[PDB]
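Let me begin by presenting the structure, written as structure tokens, before commenting on it.
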Amino acid sequence: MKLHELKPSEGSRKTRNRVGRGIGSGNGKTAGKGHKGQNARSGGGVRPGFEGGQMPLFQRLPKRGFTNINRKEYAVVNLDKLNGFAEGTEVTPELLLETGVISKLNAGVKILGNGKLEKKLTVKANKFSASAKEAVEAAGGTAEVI
Amino acid sequence: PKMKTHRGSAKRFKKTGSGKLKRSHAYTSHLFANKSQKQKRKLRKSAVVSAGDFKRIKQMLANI
Amino acid sequence: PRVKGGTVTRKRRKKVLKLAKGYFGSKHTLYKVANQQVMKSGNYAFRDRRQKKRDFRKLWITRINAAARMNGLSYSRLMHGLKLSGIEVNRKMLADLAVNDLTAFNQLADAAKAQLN
Amino acid sequence: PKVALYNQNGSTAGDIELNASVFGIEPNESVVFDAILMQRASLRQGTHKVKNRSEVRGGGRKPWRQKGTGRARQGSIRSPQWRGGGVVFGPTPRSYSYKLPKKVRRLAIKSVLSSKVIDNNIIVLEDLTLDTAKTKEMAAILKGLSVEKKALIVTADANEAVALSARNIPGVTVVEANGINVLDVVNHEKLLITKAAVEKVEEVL
RNA sequence: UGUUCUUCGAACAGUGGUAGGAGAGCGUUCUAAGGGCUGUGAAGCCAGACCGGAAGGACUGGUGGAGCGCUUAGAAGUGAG
RNA sequence: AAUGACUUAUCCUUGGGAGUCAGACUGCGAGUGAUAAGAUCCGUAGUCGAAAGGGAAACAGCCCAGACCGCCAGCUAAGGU
RNA sequence: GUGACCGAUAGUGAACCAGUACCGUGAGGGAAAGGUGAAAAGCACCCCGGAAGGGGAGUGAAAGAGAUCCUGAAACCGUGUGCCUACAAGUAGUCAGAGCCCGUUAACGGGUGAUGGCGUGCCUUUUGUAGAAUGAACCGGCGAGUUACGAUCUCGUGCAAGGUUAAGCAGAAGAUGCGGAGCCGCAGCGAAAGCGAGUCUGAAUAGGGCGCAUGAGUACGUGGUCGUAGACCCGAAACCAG
RNA sequence: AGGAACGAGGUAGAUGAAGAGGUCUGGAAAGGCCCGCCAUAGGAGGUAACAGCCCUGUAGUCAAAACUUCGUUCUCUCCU
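Residue numbers (the UniProt record's numbering), protein chains in the order written: chain A, 1 to 146; chain B, 2 to 65; chain C, 2 to 118; chain D, 2 to 206.
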């Protein structure tokens with residue numbers, strides 16, 4: 001690219017809005033904040049969770065616990081993701097992690113029955129759905145729990 | 002620094018699948034003799050946070 | 002980097018003061034009254050560019066009234082005669098120059114006389 | 002790309018076929034523009050600092066009381082409207098560094114190499130044979146290839162005779178094969194690259 | 001400025017405005033690219049009856065005695081009643 | 001509120017950014033007040049706010065009429081000769 | 001050794017006999033103030049004057065360069081000149097306009113203007129201000145929407161159901177190359193166990209809520225906005241510690 | 001828990017290329033035009049006006065009587 005004309009992409013850059021730099025531009029004296037309010041003052045303004053002294057929305061609603069200490073996230077493999085192997089043998093989470101289908105192992109791998117498969121696969125995982133197991137067994141594949 | 006998450010709104014509300022956060026109803030913990038059964042079967046169900054409330058509280062729960 | 006900005010301000014002030022040349026006293030000398038006088042002169046210039054179009058017309062109406070009243074008619078009867086004696090759209094300051102070129106105004110006045118009766 | 006070879010004597014008979022994956026793609030103008038703006042940033046130091054209202058050497062007292070005198074309030078000795086300075090925001094020391102995603106970086110370097118290829122500004126010199134450390138020989142080499150403006154010298158193995166020479170010529174910058182970048186390619190508008198450097202940057206990038 | 005036709009473009013309609021929202025621009029300092037003015041006189045200052053829709057910009061004459069401008073970009077200690 | 005027309009070009013949903021929580025007068029319809037207030041509080045339409053111009057002598061709100069700019073062009077509104 | 005850091009109201013308070021002068025009993029507070037010329041070659045000599053200070057004559061490229069000394073603006077003070085002013089009630093202008101005096105970036109020319117018409121400054125705050133409501137004696141300089149880290153939206157670029165690496169190691173403290181540790185999305189529902197293109201409530205193969213069905217995010221860059229930051233500048237009375 | 005020598009630094013320095021090029025305007029060329037060189041040296045500051053080849057200089061080749069800062073060897077000391 002030629003250096004003494006560096007033309008930017010159209011729409012990628014925009015001029016910063018000057019605020020309080022004369023009355024002809026707009027955002028003049030009052031600088032876009034109106035006349036003589038709290039919102040026109042320096043430093044705010046109120047909290048985001050504040051209704052002017054009305055009891056706020058979260059404080060009118062009850063708590064809904066709880067959070068489990070040891071929760072496993074067996075997620076996620078769908079049936080259409082298994083079609084990327086041509087033709088594919090020994091579907092392993094150790095193989096699925098380095099293939100790029102699974103970004104991160106979270107305590108196991110569960111294969112779910114959304115979509116469909118058309119090939120013979122030897123499938124190894126931690127858990128299976130009821131529809132996914134039947135879809136593997138209908139194609140002649142083998143599903144085994146680690 | 003990182004944006005702090007409003008822990009109270011994290012305890013009340015719950016993110017849904019875009020969302021339209023899930024919430025519970027009020028008037029569901031006290032004085033059930035003065036309320037009818039038709040009120041109680043509807044207040045024990047869940048509700049959705051309204052849009053005028055959503056435009057004010059969605060910044061408080063950005064980090065989920 | 003640091004921006005000083007020394008010359009463009011003085012350029013603005015001298016442009017305003019040269020626009021305010023000829024004013025009385027401190028209004029051609031001090032910037033802060035010269036700017037107010039220039040803005041007020043701009044409003045006055047717009048207003049008087051509107052007003053010249055009608056006070057010239059009223060002066061010409063006065064002169065046509067005087068010239069018609071020399072010939073025995075008023076202004077309103079003369080204009081009614083000009084609209085009746087054909088559709089003649091002869092404008093009023095050309096009618097005022099017609100008395101600088103007398104007796105051309107008298108012939109149009111007689112044309113107004115002819116079909117008012 | 003049909004690029005003619007040069008052997009700095011004839012020069013020369015024969016040519017080398019560079020690959021179209023690097024030197025033959027269509028140039029992306031916005032990507033090279035973003036790479037130039039990214040590279041021009043973080044070369045600057047950002048070592049600019051002014052004293053804020055709290056950091057000026059001044060007392061905390063007020064020069065006169067709040068009411069009673071016919072003057073302004075003026076709670077600080079050196080408020081920003083005073084002569085003592087003066088700045089609320091000012092310049093602050095900060096880093097201008099940011100990173101483009103890696104595919105944009107490879108696309109930028111390949112597109113600027115292809116745009117230099119289609120402008121016929123690439124000169125290929127095999128092994129860059131230089132007998133002595135004198136810069137007179139390098140100037141004669143640059144004269145023999147009709148180079149009068151700025152130029153790059155890309156060397157794969159980073160020879161010391163090439164490196165110590167041509168650094169006194171103001172328009173000539175000798176760079177390693179993996180040390181290539183967007184700014185030196187867009188800045189000099191002509192590059193002298195060896196066959197070993199091409200056979201390195203083809204598999205590096 | 002908006003709509004339609006789109007046969008250089010034409011037709012029709014619109015164009016007071018505070019708070020506010022949106023868009024297009026003019027200037028200041030520094031930096032990157034080339035290119036170019038300068039003691040046969042730069043910046044600055046002073047005057048003029050010049051040009052542009054505006055912020056603004058040029059050209060002459062005097063003072064001055066050494067730096068400045070143009071371009072496409074990019075950053076801001078970015079324009080004062 | 002419905003389906004048959006003629007005019008217009010507005011109307012909902014989502015998302016980004018606001019300002020406004022002191023209003024005033026006039027005409028009509030009510031309350032309080034003494035069917036007093038340039039009083040107070042309401043409903044409704046206009047004007048001002050945020051609207052220049054012409055008329056009410058001056059006089060935000062009344063009457064007539066909405067200023068992109070230029071013309072030393074014409075015809076009219078309120079009101080007048 | 002380097003600055004998309006400052007250039008004398010800036011930058012250290014302090015570019016200069018500066019923590020000095022000065023103020024306060026004391027703790028303490030705390031200024032202003034750079035520039036002849038390349039070289040003093042810093043005006044020999046004559047005249048006025050007591051001197052200071054001038055006019056000649058010299059040095060000098062420049063003496064209007066002559067000791068706060070480069071350039072030198074405006075407020076302010078003066079001297080001349082062209083045109084109007086001693087019957088006139090004026091936010092001082094504007095439009096029309098004769099006379100008189102000059103010639104320009106030659107352009108329906110410039111300056112002054114007897115006289116007529118219209119016309120109660122600017123800003124702030126207000127329902128409403130010419131306001132007898134506020135602010136400004138005048139001029140010059142300085143003087144208020146910035147920056148760091150996150151979040152959201154629009155636009156642009158790259159790759160696309162896969163995008164991106166942080167720290168760190170090499171490497172002009174630069175680009176980049178290695179680094180997939182981690183982050184977001186790729187379908188969710190439920191308080192949770194759990195189940196899954198469904199899940200929860202519910203005896204329910206009923207109804208209903210949420211979601212695919214009917215399908216795009218990710219990483220950077222600009223811009224708008226929001227949080228944590230003095231957060232848009234200035235301003236209290238006060239509180240606490242030594 | 002004590003010392004002696006070899007190598008590299010600091011506290012201080014030396015050496016270190018190339019033009020009076022010619023003409024023009026200038027008070028003075030470091031400026032314009034026409035010309036040649038050096039470069040491991042075109043970092044900078046001055047020189048009567050914008051130096052690379054005018055000076056101090058810079059890159060490299062080096063030095064250390066006397067103080068130290070490290071690294072190596074030896075002496076020495078300790079050990080089932």
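Even for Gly, the Cβ is constructed at its ideal location relative to N, Cα and C.
Just list the beta strand (DSSP E) runs in the segment 111–138 of chain D, keeping only unbroken ones of 3 residues or longer that don't cross its boundaries, in chain order. 123–126
For residue 10/B, which residues in chain A fall below 8 Å Cβ to Cβ? 49 and 58
Report buried or exposed for residue 1/C, applying the criterion of at least 16 other Cβ atoms within 10 angstroms of its Cβ. Since the first and last residues shown for chain C are 2 and 118, residue 1/C lies out of range.
Count the other CB atoms, across all protein chains shown, that sit within 10 Å of the CB of residue 29/D; report buried if there are 16 or more and exposed otherwise. buried
Note the first and the last residue of the continuous alpha helix (DSSP H) segment covering residue 24/B. No alpha helix (DSSP H) contains residue 24/B, which is instead part of the beta strand (DSSP E) from 23–25.
According to DSSP, is residue 116/C part of a helix, a strand, or is it coil? coil
By Cβ distance, which residues of its chain are closer than 7 Å to residue 148/D, with the 5 residues on each side in sequence left out? 191
Using the Cβ count rule (16 or more neighbours within 10 Å means buried), how would you classify residue 69/C? buried
Mapping DSSP to helix, strand and coil, what is residue 128/A? strand
Terminal residues of the alpha helix (DSSP H) in which residue 47/B lies: It is not in any alpha helix (DSSP H) - residue 47/B instead sits in the beta strand (DSSP E) that spans 47–49.
Check whether the Cβ of residue 112/A lies closer than 8 Å to any Cβ atom in chain B. no
CB residue 123/D to CB residue 194/D, shorter than 8 Å? yes
Could you name the residues of the same chain whose beta carbon sits closer than 6 Å to that of residue 46/D, not counting the 5 residues immediately before and after it, in chain order? none
What does residue 156/D pair with, by DSSP beta-bridge criteria? 177/D
Looking at the C-beta of residue 34/D, does it have a partner C-beta in chain A at a distance below 8 Å? yes
Could you tell me the boundaries of the alpha helix (DSSP H) in which residue 38/D lies? 30–41
Tell me which residues share the same chain as residue 105/C and place their Cβ nearer than 7 Å to its Cβ, disregarding the 5 neighbours each side in the sequence. 99
What do you reckon, are the CB atoms on residue 109/A and residue 132/A nearer than 8 Å? no
Can you find at least 3 beta carbon pairs, one from the segment 22–41 of chain B and one from the segment 54–62 of chain A, that sit closer than 8 Å? yes
Reducing DSSP to helix, strand and coil, say where residue 202/D ends up. helix
Please classify residue 19/A as buried or exposed, where buried requires at least 16 other C-beta atoms within 10 Å of its C-beta. exposed
Could you tell me the distance, in whole angstroms, from the CA atom of residue 59/B to the CA atom of residue 31/A? 27 Å
What residue does the alpha helix (DSSP H) around residue 102/C start on, and which one ends it? No alpha helix (DSSP H) holds residue 102/C; DSSP gives it neither H nor E.
Taking 8 Å as the CB-CB limit, is residue 9/A close to chain D? yes
When the cut-off is 8 Å and only beta carbons count, does residue 30/D lie next to chain A? yes
Residues bridged to residue 192/D (per DSSP): 123/D and 153/D
CB-CB length for residue 4/D against residue 112/D, believed under 8 Å: Contact doesn't hold; Cβ gap of about 17 Å is too wide.
Between 78/D, 23/D and 118/D, which has its C-alpha nearest residue 201/D's C-alpha? 23/D
Could you name the residues of chain B that residue 147/A contacts, counting a contact when the two beta carbons are closer than 8 Å? Since the displayed chain A opens at 1 and closes at 146, residue 147/A lies outside it and no answer follows.
Whose Cβ in chain A lies nearer than 7 Å to the Cβ of residue 105/D? The contacting residues do not exist; residue 105/D stays about 13 Å from chain A at best.
Relative to the C-alpha of residue 139/A, which candidate in 39/A, 82/A and 102/A has its C-alpha closest? 82/A
Verify whether the separation of the beta carbon atoms of residue 175/D and residue 167/D is less than 8 Å. yes
DSSP beta-bridge partners of residue 54/A: 51/A
State the start and end residues of the unbroken beta strand (DSSP E) segment that holds residue 177/A. What is shown of chain A runs 1 to 146, which leaves residue 177/A out entirely.
Bounding residues of the beta strand (DSSP E) (the contiguous stretch that carries residue 4/D): 3–7
8 Å Cβ cutoff met for residue 131/D and residue 39/D: no
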